[PDB]
Each structure stands twice: as structure tokens, then as C-alpha cells.
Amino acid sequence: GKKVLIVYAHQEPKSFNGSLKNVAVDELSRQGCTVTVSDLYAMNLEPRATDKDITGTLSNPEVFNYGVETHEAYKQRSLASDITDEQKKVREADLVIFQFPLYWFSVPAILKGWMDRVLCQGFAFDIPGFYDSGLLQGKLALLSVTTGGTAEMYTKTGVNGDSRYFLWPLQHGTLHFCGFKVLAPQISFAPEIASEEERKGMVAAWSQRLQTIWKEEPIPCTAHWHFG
């Protein structure tokens, strides 16, 4: 009995992202998986890292250091309930899927805020306690990304460079850092300019992959994998 968390960052349910989220819920639900979706825009998730994220007495209330105070708050069980609720979902999940459109070679800010605020020290990593020793070891993560740019644009000789170049901060710097094993990304290139037929194929391809997702091995989340 596998538990999946989908962290979803799109404003419109009828979007191509909305369709990819829905196809994931349907397929994983049909398999008998336990599925939870954090729909960040519908939640109006707070993206800003502020002192409101700590509900206890600050370690140093004169000079506010977000990393220090959230770490201490996590240990004192005194983080904001929105953070606490996301952490519970992550803690229960065997797989965390991130579904989002690429914004400036990265995640939309609302999803960046999820990362910034949820993956706090003591919960997702410690020092020491990162990369292969990260605290979310034993979990899988998968980026399901849609782009404006075509696949040709995301090659070493295209204007945007290899897609693996933009994956590094997310897959390695964030997910691997917290101990996740990373499944190969699902990149759906340029749905806005693809044909109706081609769009259905990309949605179908995602649905089909998910049928066998539990038998995939993660990528080796290495510099070598990303950069050759």
C-alpha cells in the first residue's frame, strides 16, 4: 500500500498541468494507492519565509535568522500549522511528485516557497545529515515539468541548453540534499504550441509511465548524470 503526495502548482484546473495532475490522481487511485494533492494556489500557500513561521519564543528575537529559528522551532514543535501539515504529508509519502510549469528555469515562486518553508533543518536535513544521509532517505521524488520551450531548444546546442542544466538545483540541490532518491523527470515540452494530438500523447505517456512507476529505479543524482 503506497502513499503518494502530489505537490501541484498551477492556477487553472483545465490547464495542461491540471490534466497531468488529474491523470496522475486517476492512475494512482486506480492502482489502489493512497493519494494526496497539495494544490498550492487553491491553498493560497504562504511563500515568504518570515518570522510568522515560528509560533514559539525566538532563539534570538533581536536579530532574526530564518534558518536558525525554524530549525529550533522544528525541534520545539512550534512551526506554523501550514508547514506542520505539509511535513506530515511528506513524512507519510513514499513518492512525492511535483507537478508544475517551468518558470524562469525553475519552479513557480509558490512552489519555491513550499520548498523553502517545508524542508526545514531537523525535518528534511541536518548538518551533518544531507545528500545520501538526508532525513528523507527512503523516499522517492519526481519532477513533472511542463515548458514553453521545445525539446530542440533544450539541447546543448539550442538557445536554452540541456534540460539537465535546469534540473540540477531542484533534483540535486534540493531533493537529493534532503535524502530523496530521484526518479527520472517527466518533461512535457511545449504543450501550448503542440497539436491537440501531440498533447493527448504527452498526457497518455505520463499515464502509461505511472502504470509501472513502482518498478522504476531512481537516477544516480550525480554531477556526471547532469553534466557528463
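Residues carry their position along the shown sequence, with the first being 1.
Participant: Can you tell me which stretch has the higher mean Cα B-factor, 59-67 or 41-49?
Facilitator: Comparing 41-49 with 59-67, the higher average CA B-factor belongs to 59-67.
Participant: Between 131-139 and 107-115, name whichever shows the higher mean Cα B factor according to the PDB entry.
Facilitator: On average, C-alpha B-factors are higher across 131-139.
Participant: Name the residue from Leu175, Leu167, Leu28, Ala190 with the greatest C-alpha temperature factor listed in the entry.
Facilitator: Comparing C-alpha B-factors across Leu175, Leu167, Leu28, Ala190, the maximum falls on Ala190.
Participant: Sort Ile97, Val90, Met153, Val145 by C-alpha B-factor from the entry and give me just the highest.
Facilitator: Largest recorded C-alpha B-factor: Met153.
Participant: Comparing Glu86 with the other modelled residues of its chain, is its CA B-factor in the lowest, middle or highest third?
Facilitator: As the PDB entry reports it, the C-alpha B-factor of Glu86 lands in the lowest third of its chain.
Participant: Split the chain's modelled residues into thirds by Cα B-factor; is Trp225 in the lowest, middle or highest one?
Facilitator: Its C-alpha B-factor belongs to the middle third of this chain's values.
Participant: Comparing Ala9 with the other modelled residues of its chain, is its CA B-factor in the lowest, middle or highest third?
Facilitator: Answer is lowest: the recorded C-alpha B-factor places it there.
Participant: Split the chain's modelled residues into thirds by Cα B-factor; is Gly122 in the lowest, middle or highest one?
Facilitator: Answer is middle: the recorded C-alpha B-factor places it there.
Participant: Taking the C-alpha B-factors as the PDB entry records them, is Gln186 in the lowest, middle or highest third of its chain?
Facilitator: It falls in the middle third of the chain.
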